[PDB]
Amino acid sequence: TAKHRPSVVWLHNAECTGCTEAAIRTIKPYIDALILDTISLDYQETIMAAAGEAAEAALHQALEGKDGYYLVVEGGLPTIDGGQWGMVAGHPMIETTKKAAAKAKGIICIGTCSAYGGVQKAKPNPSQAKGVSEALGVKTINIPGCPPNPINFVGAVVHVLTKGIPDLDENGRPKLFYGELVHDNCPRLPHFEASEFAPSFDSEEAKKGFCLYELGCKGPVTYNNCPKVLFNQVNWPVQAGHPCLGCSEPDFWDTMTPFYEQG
């Protein structure tokens, strides 16, 4: 029988691989089910068997597939010195991503790095790292966070494949996952409203679970679904007593720092 699952090409540029790691924490479905039954994951450096020229050949085979493909991009694009500070198989990352982007059916940026530029773009930006849209002038479906929840990434992938492009906000993020502030769903919200704050991490107020706003919490300015869905089915930063860093916001390394202050 002639069969085809939609082709996904996943590129790793200037990244930490935490977005790949987040993706494999999916439980609805688990990653095996996703790649056996739902998608055809045709290039993915972290887990693929082929290496070297065999891997490059697998990429080219996917990019030239007659059925077309969806492009997942992990990491920012280092542009200084002709793209040479980030290379795979002897080619600048910006060149390969540009080529893949030009024929993709759709482009999903997994993480704040591919969406907006991320950690390597932070001042003074040694590599002149850029987000994908920033560098290429193409529209992307952004699944930011550092890393995003698998629920948001796998949810977006499944949406794209079954429903179409989900409604996106002005930062390119699906409203399904990114439509609400972290703070609006935070269980410490009643403390915030009552101006009940922890003044320090060692304070009795911190022990009591008071709001972390005075310790820098960026939940009030950060769009994400963290308190609602949790991470790893067990926790999220504020539940572990630590302020939100703002990690799903563009350029947060520069706009949300100092992290323990309200700048």
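Position 1 is the first residue in the sequence shown; the rest follow in order.
Here the stretch with the larger average CA B-factor, out of 191-199 and 60-68, is 60-68. The PDB entry records a higher mean C-alpha B factor for 159-167 than for its counterpart among 96-104 and 159-167. The PDB entry assigns the greatest CA B-factor among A54, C211, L34, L230 to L34.
Per the PDB record, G137 has a higher Cα B-factor than any other of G111, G137, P124, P78.
When the modelled residues of the chain are ordered by their C-alpha B factor, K175 lands in the highest third. Annotation for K218: C-alpha temperature factor in the lowest third relative to the rest of the modelled chain, per the entry. In the deposited entry, the Cα temperature factor of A49 places it in the middle third of its chain's modelled residues. The PDB entry assigns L41 a C-alpha temperature factor belonging to the middle third of its chain's modelled residues. When all modelled residues of the chain are sorted by CA temperature factor, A115 is found within the lowest third.
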